[PDB]
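Hydrogens, waters and symmetry mates are skipped; everything else that's a heavy atom, side chains included, is used. Chain naming here is simple, since letters A, B, ... match the order of the sequence lines and numbering starts at 1 in each.
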Amino acid sequence: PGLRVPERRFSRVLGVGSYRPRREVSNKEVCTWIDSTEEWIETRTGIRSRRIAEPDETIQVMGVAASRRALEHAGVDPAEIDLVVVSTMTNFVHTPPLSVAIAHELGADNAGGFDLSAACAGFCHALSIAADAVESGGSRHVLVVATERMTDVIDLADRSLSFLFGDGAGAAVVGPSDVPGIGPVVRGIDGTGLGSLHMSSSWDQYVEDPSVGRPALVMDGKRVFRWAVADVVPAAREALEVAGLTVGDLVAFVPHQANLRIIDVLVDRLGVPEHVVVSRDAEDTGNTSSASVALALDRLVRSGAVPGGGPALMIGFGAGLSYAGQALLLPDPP
Amino acid sequence: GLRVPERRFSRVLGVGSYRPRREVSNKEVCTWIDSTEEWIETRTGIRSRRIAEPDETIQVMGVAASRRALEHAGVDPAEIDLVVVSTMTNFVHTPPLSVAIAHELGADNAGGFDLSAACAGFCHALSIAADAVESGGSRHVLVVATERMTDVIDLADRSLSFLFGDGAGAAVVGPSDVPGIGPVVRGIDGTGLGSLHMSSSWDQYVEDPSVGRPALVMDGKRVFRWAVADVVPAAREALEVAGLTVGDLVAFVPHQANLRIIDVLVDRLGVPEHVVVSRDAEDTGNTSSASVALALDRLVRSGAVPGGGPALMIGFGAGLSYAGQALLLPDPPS
Ligand SMILES: *C(=O)CSCCNC(=O)CCNC(=O)[C@H](O)C(C)(C)COP(=O)(O)OP(=O)(O)OC[C@H]1O[C@@H](n2cnc3c(N)ncnc32)[C@@H](O)[C@@H]1OP(=O)(O)O
Ligand SMILES: *C(=O)CSCCNC(=O)CCNC(=O)[C@H](O)C(C)(C)COP(=O)(O)OP(=O)(O)OC[C@H]1O[C@@H](n2cnc3c(N)ncnc32)[C@@H](O)[C@@H]1OP(=O)(O)O
């Protein structure tokens, strides 16, 4: 009674997809909500425009749309999906899990599903869970969806970060591969950051004293910026070594679109060559939280700017002050 | 990335729990709703449950259960590579509870993320931990299921106020020489979304009182019928993919929805007389994802069963979904 010796295997991203809210919002329109200047929102962040979800574009709608596109690219039917993992931090329904409603809508009635909550690092955590699942021999096809409506958790009328977070969703399908297509994940924390990226309040408080009402992100952007340059850079190189790869091996670098500036710093401290394509979707996407790396990944692969099978470095980082990232073989363009 | 890492096997090395100090008998329950002790016990098997006080927040409960598991496993917080927290009663969008818990615990060398899958949460987390360890990328993983079901039930509503309790349970998983955790089985029934869901989302709360704070609403009979139809075959599947029959079982740890369902599961499943079946609901009530963790901690610490013995664990509920697996039990502590 020593159990069965399951037969592992290899896995990698078979297909990617995404959903981008129809309503685009330029910095000019953002300056009509807050007291800013299109010119500040760009030299500091790097955003020229972001997309904001409309009432009908719930995270479920966006997640199912992003998922379908991923399944089409991978050429996999919903019936073949064994697990659906949804990463989000902007869900106001305690239960049942969003991942179960998405699976059901998609037609994947053979699947299970949890939701996952890890702030910006969410997609890279979900992806490593998917990789481990398939490689364990227990699952063959896994769907990973990162759907966020950050606008629901941020006061647009708050120059703090009202020009920062965008909406949208990204998905990836992982399945069998003859060779390792996803490198080991690397993850870590700062526990002293809890006060750098928290919620104005908890819904529990909202009901007891309305005074501090509806929850919403508040951030000490200097501390996180320094944390990002301090720990995210080393993690990125670790993510590289653990997978047996160097900066020069990459054909792409898809970091969470927190800020083009931080992105410049990262690309800088990391020694990223000029030949390796770097995601900067933040320009017109904004900051989409855990969906950020997924949205970017989808754009990258579907551009032709990079060939299949080539190494790509991904890494999300943020709230709680925690990161997660891994290196992976890009899929063939659709 | 191309690099074949070294796989190992994993098992549960320690288990722990935190049970709120306040015990609430059916008699006290009946002073909150129009009901009787006879009715409650006859319909659920529950005689008493523990209700968390203001100071026993899910983070407090999670930390305490985690320290018991770590103590039992003889593992240092510094040795923890991942912290997975399962919970559906968290009113804080970010940062992740897991990160807050990992910090207070002392495990600053870990990352982690929150998991949300209603009653199936602990089993999904366990399969993530087993996979992480077995993949070679992590050596020790901490899984914590912590809940205050009382925070999302009315307490005055006659329909379910006598079913939930609060509490947390945890488990440490690490390397083993032989497979110590079977493959996870999981599935859903999406047409059952309307049988167990929230009275409203915080979104709808923020827009109109009354509406109340999001509270749990389910269809006894529908959930019970689905569990009997789908969970009995899932339980058998869990044994099969691990290469076991029900007779090699020393224990059965089903989610404690209530003892009447468990009674049917045991009967339909054909669990032999020699197997210990957790019936913790009798004094614990239903604690959602923490149900199985609490029952496992109690089982192991009872001294009724030996380390190494096969145990079947399965959680089931929202919405609808389940996840379960077989595993080799830890030696009881001392
Ligand atoms: C996943 O979990 C989530 S992502 C967490 C997202 N954040 C990041 O990813 C990290 C982002 N790091 C930062 O955001 C940086 O904090 C900033 C640059 C984007 C914000 O600006 P700064 O940090 O440089 O500094 P701040 O002191 O807050 O502002 C400096 C002065 O700027 C002036 N100013 C001008 N116009 C604006 C507007 N329109 N918004 C806010 N104010 C701006 C004044 O704000 C500041 O003061 P001063 O001019 O009197 O010195
Ligand atoms: C993880 O993700 C989630 S777990 C949370 C949901 N899951 C679980 O809770 C476990 C599911 N448990 C159940 O299925 C139970 O098996 C029940 C709820 C189905 C037990 O309820 P019954 O079917 O036996 O009752 P019902 O037919 O709806 O009502 C029958 C009569 O009961 C009378 N009555 C008397 N006292 C009470 C009190 N305390 N509460 C509610 N009603 C009571 C009246 O209820 C009904 O009419 P009648 O008695 O004249 O026929």
Looking at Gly192(B), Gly112(B), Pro214(B), which makes the most heavy-atom pairs under 4.5 Å with chain A? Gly112(B)
Ignoring hydrogens and angles, state whether a donor on the side chain of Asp220(A) or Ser196(A) is under 3.5 Å from an acceptor on the partner side chain. no
Bottom line for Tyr322(B): the part with an atom under 4.5 Å from chain A's heavy atoms is neither
Heavy-atom proximity to chain A below 4.5 Å, by part of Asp151(B): side chain
Turns out that what part of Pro310(B) lies under 4.5 Å from chain A's heavy atoms comes down to side chain
Side chain / backbone / both / neither for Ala107(B) at chain A, heavy atoms under 4.5 Å: backbone
Ion pair present between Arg149(A) and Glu57(A), side-chain N to carboxylate O less than 4.0 angstrom? no
May I ask you to decide if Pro54(B)'s main-chain N or O and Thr57(B)'s side chain share a donor-acceptor pair within less than 3.5 Å? no
Top residue by heavy-atom pair count (under 4.5 Å) with chain B, among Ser117(A), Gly244(A), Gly320(A), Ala118(A)? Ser117(A)
So does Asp209(A) have more than 12 non-hydrogen atoms from other groups sitting under 6.0 Å from CG? yes
Side chains of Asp248(B) and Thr245(B): is there a donor and an acceptor less than 3.5 Å apart? yes
Step by step, would you call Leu216(B) with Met149(B) a side chain to side chain contact (heavy atoms under 4.5 Å, CB included)? CA-CA 9 Å; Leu216(B) 176 75; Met149(B) 282 311 288; 4.3 Å; yes
For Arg7(B), is it the side chain, the backbone, both, or neither that has a heavy atom closer than 4.5 Å to a heavy atom of chain A? side chain
Any luck finding a side-chain donor-acceptor pair between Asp204(A) and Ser202(A) under 3.5 Å? no
Per-residue tally against chain B (heavy atom, under 4.5 Å) across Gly2(A), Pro1(A), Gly310(A) peaks at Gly2(A)
Distance-only donor-acceptor check, side chains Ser290(A) and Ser87(A), under 3.5 Å: yes
We want to know whether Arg8(B) and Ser135(B) form a side-chain donor-acceptor pair, criterion being a heavy-atom distance below 3.5 angstrom. no
Can you tell which part of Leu244(B) gets under 4.5 Å to a heavy atom of chain A, answering side chain, backbone, both or neither? side chain
Which one of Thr87(B), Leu82(B), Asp81(B), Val185(B) has the most heavy-atom pairs closer than 4.5 Å to chain A? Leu82(B)
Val184(B) versus chain A, heavy atoms under 4.5 Å apart: side chain, backbone, both or neither? neither
Region of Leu320(B) that comes under 4.5 Å of a non-hydrogen atom in chain A: backbone
Will you find, in the side chains of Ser289(A) and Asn287(A), an N or O donor that is under 3.5 Å from an N or O acceptor? no
Could you look at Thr89(B) and say if it's the side chain, the backbone, both or neither that has a heavy atom under 4.5 Å from chain A? backbone
Chain A: which of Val83(B), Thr191(B), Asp108(B), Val92(B) shares the most heavy-atom pairs with it under 4.5 Å? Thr191(B)
Check whether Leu240(A) gets within reach of chain B through its side chain, its backbone, both or neither, counting any heavy atom under 4.5 Å. neither
Does a side-chain heavy-atom distance below 4.5 Å link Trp202(B) with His94(A)? yes
So, the part of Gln325(B) with a heavy atom under 4.5 Å from chain A: the answer is neither
Check each atom of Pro180(A) against the heavy atoms of chain B and say whether the ones under 4.5 Å are side chain, backbone, both or neither. both
If you tally heavy-atom pairs under 4.5 Å against chain B, which of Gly137(A), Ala312(A), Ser201(A), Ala243(A) wins? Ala243(A)
Considering all heavy atoms of both residues, which atom of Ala318(B) and which atom of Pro96(A) are nearest to each other, and what is their separation? CB-CB, 3.6 Å
To the nearest 0.5 Å, what is the distance between CG (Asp230(B)) and CD (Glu237(B))? 11.0 Å
When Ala111(A), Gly183(A), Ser99(A), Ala131(A) are compared by non-hydrogen pairs under 4.5 Å with chain B, the top option: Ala111(A)
Which one wins on heavy-atom pair count under 4.5 Å against chain A: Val152(B), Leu193(B), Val4(B), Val178(B)? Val4(B)
Gap separating the NE2 atom of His104(A) from the CD1 atom of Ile102(A), nearest 0.5 angstrom: 13.0 Å
Sort out for me which of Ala132(B), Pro5(B), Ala102(B), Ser321(B) touches chain A most, counting heavy-atom pairs under 4.5 Å. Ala132(B)
If you count heavy-atom pairs under 4.5 Å with chain A, which of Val84(B), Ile188(B), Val99(B) comes out on top? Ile188(B)
Checking heavy atoms, do the side chain of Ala323(B), its backbone, both or neither come under 4.5 Å from chain A? neither
Between CZ of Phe113(B) and CD1 of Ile128(B), what distance do you get to the nearest 0.5 Å? 4.5 Å
If you count heavy-atom pairs under 4.5 Å with chain B, which of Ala119(A), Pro184(A), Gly188(A) comes out on top? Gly188(A)
So, the part of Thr94(B) with a heavy atom under 4.5 Å from chain A: the answer is both
